[PDB]
$ cat my_file-v2.tsv   # TSV, C-alpha atoms (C1' of nucleotides)
chain	number	residue	atom	x	y	z
M	3	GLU	CA	90.14	-9.10	4.16
M	4	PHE	CA	86.54	-9.77	5.15
M	5	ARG	CA	84.58	-7.67	7.65
M	6	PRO	CA	81.67	-8.82	9.93
M	7	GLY	CA	78.76	-8.78	7.49
M	8	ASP	CA	80.70	-9.27	4.25
M	9	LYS	CA	78.78	-11.28	1.66
M	10	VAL	CA	81.07	-14.07	0.40
M	11	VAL	CA	81.21	-17.44	-1.36
M	12	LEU	CA	82.69	-20.72	-0.08
M	13	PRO	CA	82.68	-23.58	-2.64
M	14	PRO	CA	80.56	-25.53	-2.80
M	15	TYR	CA	78.48	-23.73	-0.19
M	16	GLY	CA	77.12	-21.23	-2.65
M	17	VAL	CA	76.84	-18.03	-0.66
M	18	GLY	CA	77.09	-16.98	2.97
M	19	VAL	CA	77.75	-13.92	5.13
M	20	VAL	CA	80.85	-13.68	7.34
M	21	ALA	CA	80.01	-13.48	11.04
M	22	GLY	CA	83.52	-12.47	12.08
M	23	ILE	CA	86.94	-13.71	13.13
M	24	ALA	CA	88.07	-15.88	16.05
M	25	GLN	CA	90.99	-17.87	17.42
M	26	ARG	CA	90.26	-21.57	16.93
M	27	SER	CA	92.55	-24.07	18.61
M	28	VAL	CA	93.83	-26.22	15.77
M	29	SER	CA	96.69	-28.58	16.64
M	30	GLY	CA	99.25	-26.18	18.10
M	31	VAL	CA	98.95	-22.38	18.21
M	32	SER	CA	95.59	-20.92	17.23
M	33	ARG	CA	95.74	-18.88	14.05
M	34	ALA	CA	93.03	-16.33	13.26
M	35	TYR	CA	89.99	-17.78	11.49
M	36	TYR	CA	87.24	-16.24	9.36
M	37	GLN	CA	83.66	-17.42	9.91
M	38	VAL	CA	81.19	-18.14	7.09
M	39	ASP	CA	77.57	-19.00	7.95
M	40	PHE	CA	74.64	-20.09	5.76
M	41	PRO	CA	71.10	-19.64	7.22
M	42	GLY	CA	69.65	-21.78	4.41
M	43	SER	CA	71.83	-24.65	5.61
M	44	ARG	CA	72.33	-24.19	9.36
M	45	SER	CA	75.83	-25.44	8.65
M	46	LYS	CA	79.07	-23.76	9.72
M	47	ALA	CA	82.49	-22.91	8.27
M	48	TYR	CA	86.01	-21.97	9.40
M	49	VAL	CA	88.31	-20.32	6.85
M	50	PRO	CA	92.01	-19.73	7.66
M	51	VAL	CA	92.97	-16.05	7.41
M	52	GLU	CA	96.41	-17.07	6.15
M	53	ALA	CA	95.57	-17.76	2.50
M	54	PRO	CA	91.81	-17.10	1.98
M	55	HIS	CA	92.44	-16.91	-1.76
M	56	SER	CA	93.67	-20.53	-1.80
M	57	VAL	CA	90.41	-22.04	-0.53
M	58	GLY	CA	88.54	-20.42	-3.38
M	59	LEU	CA	86.94	-17.98	-0.99
M	60	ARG	CA	85.61	-15.43	-3.44
M	61	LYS	CA	82.86	-12.91	-2.91
M	62	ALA	CA	79.36	-12.55	-4.32
M	63	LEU	CA	79.33	-10.69	-7.63
M	64	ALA	CA	78.07	-7.11	-7.69
M	65	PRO	CA	74.76	-6.11	-9.36
M	66	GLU	CA	77.00	-4.81	-12.16
M	67	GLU	CA	78.10	-8.33	-13.11
M	68	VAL	CA	74.58	-9.60	-13.84
M	69	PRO	CA	74.41	-8.74	-17.58
M	70	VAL	CA	77.92	-10.01	-18.49
M	71	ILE	CA	77.22	-13.38	-16.86
M	72	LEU	CA	73.84	-13.46	-18.63
M	73	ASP	CA	75.46	-12.78	-22.03
M	74	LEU	CA	78.02	-15.52	-21.49
M	75	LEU	CA	75.08	-17.65	-20.33
M	76	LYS	CA	72.86	-17.25	-23.41
M	77	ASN	CA	75.53	-17.64	-26.08
M	78	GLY	CA	78.95	-18.64	-24.76
M	79	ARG	CA	79.86	-22.29	-25.19
M	80	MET	CA	82.87	-24.60	-25.03
M	81	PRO	CA	83.88	-27.96	-26.58
M	82	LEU	CA	84.22	-31.06	-24.41
M	83	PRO	CA	85.41	-34.67	-24.96
M	84	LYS	CA	82.95	-37.10	-26.55
M	85	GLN	CA	83.17	-40.00	-24.10
M	86	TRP	CA	80.89	-39.18	-21.14
M	87	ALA	CA	83.73	-39.76	-18.68
M	88	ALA	CA	86.02	-36.79	-19.40
M	89	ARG	CA	83.11	-34.49	-20.25
M	90	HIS	CA	81.06	-35.03	-17.09
M	91	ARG	CA	84.27	-35.11	-15.06
M	92	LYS	CA	85.31	-31.70	-16.34
M	93	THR	CA	81.82	-30.26	-15.83
M	94	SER	CA	81.78	-31.59	-12.25
M	95	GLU	CA	85.18	-30.13	-11.37
M	96	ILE	CA	84.03	-26.81	-12.82
M	97	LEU	CA	80.94	-27.04	-10.62
M	98	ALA	CA	82.74	-27.65	-7.33
M	99	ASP	CA	85.35	-25.08	-8.43
M	100	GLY	CA	83.01	-22.17	-7.64
M	101	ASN	CA	83.38	-19.90	-10.68
M	102	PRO	CA	80.22	-18.09	-11.82
M	103	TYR	CA	81.79	-17.14	-15.15
M	104	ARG	CA	82.81	-20.73	-15.80
M	105	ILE	CA	79.58	-22.23	-14.50
M	106	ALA	CA	77.58	-19.92	-16.77
M	107	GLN	CA	79.94	-20.39	-19.72
M	108	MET	CA	79.42	-24.11	-19.23
M	109	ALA	CA	75.66	-23.73	-18.89
M	110	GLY	CA	75.67	-22.20	-22.37
M	111	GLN	CA	77.01	-25.20	-24.29
M	112	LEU	CA	75.05	-27.50	-21.99
M	113	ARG	CA	71.89	-25.65	-22.97
M	114	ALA	CA	72.69	-25.63	-26.69
M	115	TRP	CA	73.08	-29.40	-26.50
M	116	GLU	CA	70.11	-30.12	-24.21
M	117	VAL	CA	67.54	-28.96	-26.73
M	118	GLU	CA	69.09	-30.38	-29.87
M	119	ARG	CA	69.75	-34.09	-29.50
M	120	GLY	CA	69.18	-34.18	-25.77
M	121	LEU	CA	71.13	-34.35	-22.56
M	122	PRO	CA	72.31	-37.65	-20.96
M	123	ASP	CA	71.20	-38.52	-17.41
M	124	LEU	CA	74.64	-37.34	-16.22
M	125	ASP	CA	75.08	-34.01	-17.99
M	126	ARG	CA	71.54	-33.31	-16.74
M	127	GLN	CA	72.72	-33.20	-13.14
M	128	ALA	CA	75.76	-31.37	-14.50
M	129	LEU	CA	73.32	-28.73	-15.74
M	130	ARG	CA	70.86	-28.64	-12.82
M	131	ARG	CA	73.59	-28.41	-10.17
M	132	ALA	CA	75.12	-25.72	-12.41
M	133	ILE	CA	72.04	-23.49	-12.54
M	134	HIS	CA	71.62	-23.96	-8.78
M	135	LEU	CA	74.73	-22.02	-7.68
M	136	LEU	CA	73.84	-19.34	-10.21
M	137	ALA	CA	70.23	-18.90	-9.13
M	138	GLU	CA	71.41	-18.58	-5.53
M	139	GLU	CA	74.32	-16.24	-6.37
M	140	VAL	CA	71.79	-13.89	-7.95
M	141	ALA	CA	69.83	-14.11	-4.71
M	142	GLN	CA	72.90	-13.03	-2.79
M	143	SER	CA	73.89	-10.10	-4.99
M	144	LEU	CA	70.52	-8.67	-5.98
M	145	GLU	CA	68.98	-9.79	-2.67
M	146	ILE	CA	66.09	-11.43	-4.52
M	147	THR	CA	65.00	-14.92	-3.40
M	148	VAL	CA	65.38	-17.95	-5.73
M	149	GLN	CA	61.89	-17.16	-7.07
M	150	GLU	CA	62.92	-13.80	-8.58
M	151	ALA	CA	66.56	-14.85	-9.01
M	152	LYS	CA	65.52	-17.80	-11.17
M	153	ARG	CA	63.04	-15.47	-12.88
M	154	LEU	CA	66.13	-13.65	-14.19
M	155	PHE	CA	67.57	-16.48	-16.32
M	156	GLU	CA	64.24	-16.83	-18.15
M	157	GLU	CA	65.17	-13.91	-20.43
M	158	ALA	CA	68.65	-15.06	-21.51
M	159	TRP	CA	67.47	-18.67	-21.76
M	160	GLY	CA	64.23	-18.49	-23.71
M	161	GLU	CA	62.46	-20.77	-21.24
M	162	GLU	CA	61.61	-20.61	-17.52
M	163	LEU	CA	63.40	-22.36	-14.66
M	164	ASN	CA	62.73	-25.27	-12.31
C	1	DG	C1'	76.83	-45.32	-17.62
C	2	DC	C1'	75.58	-44.79	-22.26
C	3	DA	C1'	74.64	-45.11	-27.38
C	4	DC	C1'	72.10	-48.78	-29.92
C	5	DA	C1'	71.17	-52.98	-32.20
C	6	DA	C1'	67.89	-56.81	-30.95
C	7	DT	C1'	63.79	-58.44	-29.98
C	8	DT	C1'	59.39	-58.15	-27.71
C	9	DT	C1'	54.87	-56.09	-27.19
C	10	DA	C1'	50.86	-53.23	-27.56
C	11	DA	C1'	48.81	-50.93	-31.37
C	12	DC	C1'	45.59	-51.01	-34.61
C	13	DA	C1'	43.56	-51.42	-39.43
C	14	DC	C1'	40.50	-54.68	-40.94
C	15	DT	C1'	38.84	-59.59	-42.51
C	16	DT	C1'	36.18	-63.60	-41.20
C	17	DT	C1'	33.95	-66.38	-38.19
C	18	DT	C1'	30.23	-67.08	-34.93
C	19	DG	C1'	26.25	-65.90	-31.84
C	20	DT	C1'	21.69	-64.01	-33.08
C	21	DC	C1'	16.83	-61.98	-34.76
C	22	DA	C1'	12.35	-61.54	-37.48
C	23	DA	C1'	9.92	-64.45	-40.68
C	24	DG	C1'	8.93	-68.63	-43.26

$ encode --input "my_file-v2.tsv" --output "structure tokens"
Amino acid sequence: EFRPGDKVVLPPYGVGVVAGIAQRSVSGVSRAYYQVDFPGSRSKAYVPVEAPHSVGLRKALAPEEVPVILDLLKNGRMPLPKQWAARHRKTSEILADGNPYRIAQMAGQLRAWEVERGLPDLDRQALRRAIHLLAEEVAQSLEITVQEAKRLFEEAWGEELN
DNA sequence: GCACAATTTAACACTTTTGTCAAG
């Protein structure tokens, strides 16, 4: 369940607070619907209360989960196919998937490769867009704007952030 | 869309020609 003021995630919307629940008229009878808003978008969202766990509606990590993610961010890697197709495809799916542990785990190998040989014009967006959801997630949990939030990664990276 | 061989270009170290000056 999600109360009015719960801090949640709605892929790929990064983070947003739930405003409440309402009966939206969809087709036939109106099932209950959760409401996820994003002030840094001015968008809007309606999430069915039936199976919230099927839309990948997770919740912002707690301040306790910062170090673990950082540790899997600095070191943790993972092999990927050589031809750009499968590799970038996988990375993309992982991105839209909305999984901070997987996005960070990915960011690790992507980082190891970026300063070695160097990152293709594709995997670059697959890195940037990856660090984006992270930097904002940190801003949701620790309530510190993308300035400070991005200032976090600098430690477990070795370099600053864009 | 990308790794890369192919070929072009700007890069530059340096040699030789050509305009030039004070003095016969």

$ atom_distance --input "my_file-v2.tsv" --atom1 "atom CA of residue M:86" --atom2 "atom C1' of residue C:8"
29.4 Å

$ interface_residues --input "my_file-v2.tsv" --of "chain M" --to "chain C" --cutoff "12 Å" --atoms "only C-alpha atoms (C1' of nucleotides)" --output "list in words"
residues 84, 85, 86, 87, 90, 121, 122, 123, 124 and 125 of chain M

$ write_last_selection --input "my_file-v2.tsv" --atoms "C-alpha atoms" --output "mmCIF file, in the coordinates of the input"
data_model
loop_
_atom_site.group_PDB
_atom_site.id
_atom_site.type_symbol
_atom_site.label_atom_id
_atom_site.label_comp_id
_atom_site.auth_asym_id
_atom_site.auth_seq_id
_atom_site.Cartn_x
_atom_site.Cartn_y
_atom_site.Cartn_z
ATOM 1 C CA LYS M 84 82.950 -37.100 -26.550
ATOM 2 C CA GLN M 85 83.170 -40.000 -24.100
ATOM 3 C CA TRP M 86 80.890 -39.180 -21.140
ATOM 4 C CA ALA M 87 83.730 -39.760 -18.680
ATOM 5 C CA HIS M 90 81.060 -35.030 -17.090
ATOM 6 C CA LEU M 121 71.130 -34.350 -22.560
ATOM 7 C CA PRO M 122 72.310 -37.650 -20.960
ATOM 8 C CA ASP M 123 71.200 -38.520 -17.410
ATOM 9 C CA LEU M 124 74.640 -37.340 -16.220
ATOM 10 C CA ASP M 125 75.080 -34.010 -17.990
#

$ atom_distance --input "my_file-v2.tsv" --atom1 "atom CA of residue M:114" --atom2 "atom CA of residue M:126"
12.6 Å

$ atom_distance --input "my_file-v2.tsv" --atom1 "atom CA of residue M:62" --atom2 "atom CA of residue M:151"
13.8 Å

$ closest_residue --input "my_file-v2.tsv" --among "M:93, M:143, M:32, M:45" --to "residue M:112" --atoms "all atoms listed in the file"
M:93

$ residues_around --input "my_file-v2.tsv" --residues "stretch 22-27 of chain M" --least-positions-apart "5" --cutoff "6 Å" --atoms "all atoms listed in the file" --output "list in words"
residues 6, 32, 33, 34, 35, 36 and 37 of chain M

$ write_last_selection --input "my_file-v2.tsv" --atoms "C-alpha atoms" --output "CSV table (one decimal), keeping the file's coordinate frame"
chain,number,residue,atom,x,y,z
M,6,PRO,CA,81.7,-8.8,9.9
M,32,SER,CA,95.6,-20.9,17.2
M,33,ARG,CA,95.7,-18.9,14.0
M,34,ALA,CA,93.0,-16.3,13.3
M,35,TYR,CA,90.0,-17.8,11.5
M,36,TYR,CA,87.2,-16.2,9.4
M,37,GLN,CA,83.7,-17.4,9.9

$ residues_around --input "my_file-v2.tsv" --residues "stretch 54-57 of chain M" --least-positions-apart "3" --cutoff "9 Å" --atoms "only C-alpha atoms (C1' of nucleotides)" --output "ChimeraX atom specification"
/M:3,12-13,36,49-51,60

$ residues_near_point --input "my_file-v2.tsv" --point "(66.7, -8.4, -8.8)" --cutoff "12 Å" --atoms "all atoms listed in the file" --output "NGL selection string"
:M and (64-66 or 68-69 or 137-155)

$ residues_near_point --input "my_file-v2.tsv" --point "(76.3, -20.3, -26.7)" --cutoff "6 Å" --atoms "only C-alpha atoms (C1' of nucleotides)" --output "list in words"
residues 76, 77, 78, 79, 110 and 111 of chain M

$ decode --input "my_file-v2.tsv" --residues "stretch 110-153 of chain M" --atoms "N, CA and C atoms" --output "PDB file, in the first residue's frame"
ATOM      1  N   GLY M 110      29.139   0.187 -12.850  1.00  0.00           N
ATOM      2  CA  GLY M 110      30.473  -0.261 -12.487  1.00  0.00           C
ATOM      3  C   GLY M 110      31.311  -0.719 -13.670  1.00  0.00           C
ATOM      4  N   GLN M 111      30.825  -1.727 -14.389  1.00  0.00           N
ATOM      5  CA  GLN M 111      31.519  -2.231 -15.572  1.00  0.00           C
ATOM      6  C   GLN M 111      31.622  -1.146 -16.636  1.00  0.00           C
ATOM      7  N   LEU M 112      30.566  -0.340 -16.757  1.00  0.00           N
ATOM      8  CA  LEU M 112      30.567   0.734 -17.747  1.00  0.00           C
ATOM      9  C   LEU M 112      31.675   1.738 -17.448  1.00  0.00           C
ATOM     10  N   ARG M 113      31.928   1.951 -16.161  1.00  0.00           N
ATOM     11  CA  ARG M 113      32.974   2.865 -15.727  1.00  0.00           C
ATOM     12  C   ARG M 113      34.347   2.265 -15.979  1.00  0.00           C
ATOM     13  N   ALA M 114      34.520   1.008 -15.574  1.00  0.00           N
ATOM     14  CA  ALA M 114      35.782   0.302 -15.781  1.00  0.00           C
ATOM     15  C   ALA M 114      36.194   0.340 -17.245  1.00  0.00           C
ATOM     16  N   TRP M 115      35.216   0.209 -18.135  1.00  0.00           N
ATOM     17  CA  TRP M 115      35.504   0.254 -19.563  1.00  0.00           C
ATOM     18  C   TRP M 115      35.685   1.669 -20.108  1.00  0.00           C
ATOM     19  N   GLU M 116      34.930   2.640 -19.589  1.00  0.00           N
ATOM     20  CA  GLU M 116      35.042   4.005 -20.107  1.00  0.00           C
ATOM     21  C   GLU M 116      36.469   4.535 -20.011  1.00  0.00           C
ATOM     22  N   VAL M 117      37.095   4.475 -18.838  1.00  0.00           N
ATOM     23  CA  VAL M 117      38.488   4.886 -18.823  1.00  0.00           C
ATOM     24  C   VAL M 117      39.336   3.629 -18.861  1.00  0.00           C
ATOM     25  N   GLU M 118      39.522   3.120 -20.070  1.00  0.00           N
ATOM     26  CA  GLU M 118      40.444   2.037 -20.356  1.00  0.00           C
ATOM     27  C   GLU M 118      40.886   2.160 -21.806  1.00  0.00           C
ATOM     28  N   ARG M 119      39.872   1.925 -22.636  1.00  0.00           N
ATOM     29  CA  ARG M 119      39.868   1.847 -24.092  1.00  0.00           C
ATOM     30  C   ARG M 119      39.036   3.036 -24.556  1.00  0.00           C
ATOM     31  N   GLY M 120      37.831   3.094 -24.008  1.00  0.00           N
ATOM     32  CA  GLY M 120      36.935   4.224 -24.125  1.00  0.00           C
ATOM     33  C   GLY M 120      35.600   3.800 -24.688  1.00  0.00           C
ATOM     34  N   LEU M 121      34.591   4.503 -24.197  1.00  0.00           N
ATOM     35  CA  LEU M 121      33.191   4.171 -24.377  1.00  0.00           C
ATOM     36  C   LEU M 121      32.574   4.706 -25.666  1.00  0.00           C
ATOM     37  N   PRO M 122      31.970   3.811 -26.467  1.00  0.00           N
ATOM     38  CA  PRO M 122      31.277   4.136 -27.717  1.00  0.00           C
ATOM     39  C   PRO M 122      30.179   5.172 -27.503  1.00  0.00           C
ATOM     40  N   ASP M 123      29.768   5.836 -28.577  1.00  0.00           N
ATOM     41  CA  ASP M 123      28.795   6.922 -28.503  1.00  0.00           C
ATOM     42  C   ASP M 123      27.426   6.434 -28.009  1.00  0.00           C
ATOM     43  N   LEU M 124      27.243   5.118 -27.982  1.00  0.00           N
ATOM     44  CA  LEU M 124      26.005   4.503 -27.507  1.00  0.00           C
ATOM     45  C   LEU M 124      26.064   4.239 -26.005  1.00  0.00           C
ATOM     46  N   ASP M 125      27.035   3.417 -25.614  1.00  0.00           N
ATOM     47  CA  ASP M 125      27.239   3.060 -24.217  1.00  0.00           C
ATOM     48  C   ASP M 125      27.449   4.309 -23.356  1.00  0.00           C
ATOM     49  N   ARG M 126      27.793   5.424 -23.999  1.00  0.00           N
ATOM     50  CA  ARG M 126      27.934   6.705 -23.313  1.00  0.00           C
ATOM     51  C   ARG M 126      26.582   7.178 -22.807  1.00  0.00           C
ATOM     52  N   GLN M 127      25.576   7.157 -23.675  1.00  0.00           N
ATOM     53  CA  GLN M 127      24.230   7.502 -23.244  1.00  0.00           C
ATOM     54  C   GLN M 127      23.733   6.433 -22.280  1.00  0.00           C
ATOM     55  N   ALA M 128      24.225   5.208 -22.460  1.00  0.00           N
ATOM     56  CA  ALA M 128      23.829   4.099 -21.593  1.00  0.00           C
ATOM     57  C   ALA M 128      24.466   4.231 -20.211  1.00  0.00           C
ATOM     58  N   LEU M 129      25.425   5.143 -20.099  1.00  0.00           N
ATOM     59  CA  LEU M 129      26.080   5.444 -18.833  1.00  0.00           C
ATOM     60  C   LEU M 129      25.444   6.688 -18.215  1.00  0.00           C
ATOM     61  N   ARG M 130      25.435   7.778 -18.977  1.00  0.00           N
ATOM     62  CA  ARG M 130      24.800   9.036 -18.582  1.00  0.00           C
ATOM     63  C   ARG M 130      23.389   8.813 -18.036  1.00  0.00           C
ATOM     64  N   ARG M 131      22.508   8.288 -18.887  1.00  0.00           N
ATOM     65  CA  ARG M 131      21.132   8.010 -18.483  1.00  0.00           C
ATOM     66  C   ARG M 131      21.093   7.085 -17.259  1.00  0.00           C
ATOM     67  N   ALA M 132      22.151   6.303 -17.061  1.00  0.00           N
ATOM     68  CA  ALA M 132      22.232   5.426 -15.896  1.00  0.00           C
ATOM     69  C   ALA M 132      22.511   6.218 -14.622  1.00  0.00           C
ATOM     70  N   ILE M 133      23.479   7.126 -14.678  1.00  0.00           N
ATOM     71  CA  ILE M 133      23.852   7.901 -13.501  1.00  0.00           C
ATOM     72  C   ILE M 133      22.766   8.920 -13.165  1.00  0.00           C
ATOM     73  N   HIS M 134      21.902   9.206 -14.137  1.00  0.00           N
ATOM     74  CA  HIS M 134      20.829  10.179 -13.928  1.00  0.00           C
ATOM     75  C   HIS M 134      19.824   9.715 -12.860  1.00  0.00           C
ATOM     76  N   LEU M 135      19.251   8.532 -13.071  1.00  0.00           N
ATOM     77  CA  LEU M 135      18.268   7.960 -12.150  1.00  0.00           C
ATOM     78  C   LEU M 135      18.846   7.757 -10.752  1.00  0.00           C
ATOM     79  N   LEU M 136      20.154   7.539 -10.697  1.00  0.00           N
ATOM     80  CA  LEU M 136      20.847   7.313  -9.440  1.00  0.00           C
ATOM     81  C   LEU M 136      20.918   8.637  -8.702  1.00  0.00           C
ATOM     82  N   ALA M 137      21.575   9.602  -9.339  1.00  0.00           N
ATOM     83  CA  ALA M 137      21.728  10.944  -8.794  1.00  0.00           C
ATOM     84  C   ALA M 137      20.404  11.532  -8.308  1.00  0.00           C
ATOM     85  N   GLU M 138      19.302  11.235  -8.995  1.00  0.00           N
ATOM     86  CA  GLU M 138      18.011  11.731  -8.519  1.00  0.00           C
ATOM     87  C   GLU M 138      17.451  10.881  -7.365  1.00  0.00           C
ATOM     88  N   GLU M 139      17.671   9.566  -7.414  1.00  0.00           N
ATOM     89  CA  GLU M 139      17.217   8.677  -6.343  1.00  0.00           C
ATOM     90  C   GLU M 139      17.839   9.082  -5.005  1.00  0.00           C
ATOM     91  N   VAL M 140      19.104   9.486  -5.062  1.00  0.00           N
ATOM     92  CA  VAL M 140      19.815   9.944  -3.875  1.00  0.00           C
ATOM     93  C   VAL M 140      19.186  11.238  -3.377  1.00  0.00           C
ATOM     94  N   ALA M 141      18.643  12.016  -4.309  1.00  0.00           N
ATOM     95  CA  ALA M 141      18.014  13.280  -3.963  1.00  0.00           C
ATOM     96  C   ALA M 141      16.643  13.045  -3.356  1.00  0.00           C
ATOM     97  N   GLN M 142      16.062  11.882  -3.633  1.00  0.00           N
ATOM     98  CA  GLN M 142      14.778  11.548  -3.036  1.00  0.00           C
ATOM     99  C   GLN M 142      14.960  10.975  -1.637  1.00  0.00           C
ATOM    100  N   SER M 143      15.950  10.104  -1.470  1.00  0.00           N
ATOM    101  CA  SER M 143      16.116   9.440  -0.180  1.00  0.00           C
ATOM    102  C   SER M 143      16.775  10.318   0.873  1.00  0.00           C
ATOM    103  N   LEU M 144      17.889  10.939   0.500  1.00  0.00           N
ATOM    104  CA  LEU M 144      18.650  11.767   1.424  1.00  0.00           C
ATOM    105  C   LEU M 144      18.184  13.219   1.390  1.00  0.00           C
ATOM    106  N   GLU M 145      17.172  13.486   0.567  1.00  0.00           N
ATOM    107  CA  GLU M 145      16.593  14.822   0.416  1.00  0.00           C
ATOM    108  C   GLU M 145      17.648  15.891   0.142  1.00  0.00           C
ATOM    109  N   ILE M 146      18.622  15.539  -0.689  1.00  0.00           N
ATOM    110  CA  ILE M 146      19.677  16.463  -1.082  1.00  0.00           C
ATOM    111  C   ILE M 146      19.714  16.601  -2.606  1.00  0.00           C
ATOM    112  N   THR M 147      19.485  17.824  -3.077  1.00  0.00           N
ATOM    113  CA  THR M 147      19.337  18.142  -4.498  1.00  0.00           C
ATOM    114  C   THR M 147      20.520  17.630  -5.327  1.00  0.00           C
ATOM    115  N   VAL M 148      20.276  17.410  -6.619  1.00  0.00           N
ATOM    116  CA  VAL M 148      21.221  16.793  -7.556  1.00  0.00           C
ATOM    117  C   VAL M 148      22.653  17.326  -7.411  1.00  0.00           C
ATOM    118  N   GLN M 149      22.799  18.556  -6.933  1.00  0.00           N
ATOM    119  CA  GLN M 149      24.117  19.080  -6.591  1.00  0.00           C
ATOM    120  C   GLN M 149      24.825  18.160  -5.578  1.00  0.00           C
ATOM    121  N   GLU M 150      24.256  18.060  -4.379  1.00  0.00           N
ATOM    122  CA  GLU M 150      24.832  17.257  -3.300  1.00  0.00           C
ATOM    123  C   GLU M 150      24.770  15.766  -3.630  1.00  0.00           C
ATOM    124  N   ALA M 151      23.618  15.346  -4.145  1.00  0.00           N
ATOM    125  CA  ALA M 151      23.389  13.966  -4.556  1.00  0.00           C
ATOM    126  C   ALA M 151      24.480  13.473  -5.503  1.00  0.00           C
ATOM    127  N   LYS M 152      24.746  14.238  -6.557  1.00  0.00           N
ATOM    128  CA  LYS M 152      25.843  13.916  -7.463  1.00  0.00           C
ATOM    129  C   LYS M 152      27.187  14.037  -6.758  1.00  0.00           C
ATOM    130  N   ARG M 153      27.280  14.946  -5.787  1.00  0.00           N
ATOM    131  CA  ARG M 153      28.513  15.068  -5.013  1.00  0.00           C
ATOM    132  C   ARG M 153      28.820  13.783  -4.246  1.00  0.00           C
TER     133      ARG M 153
END
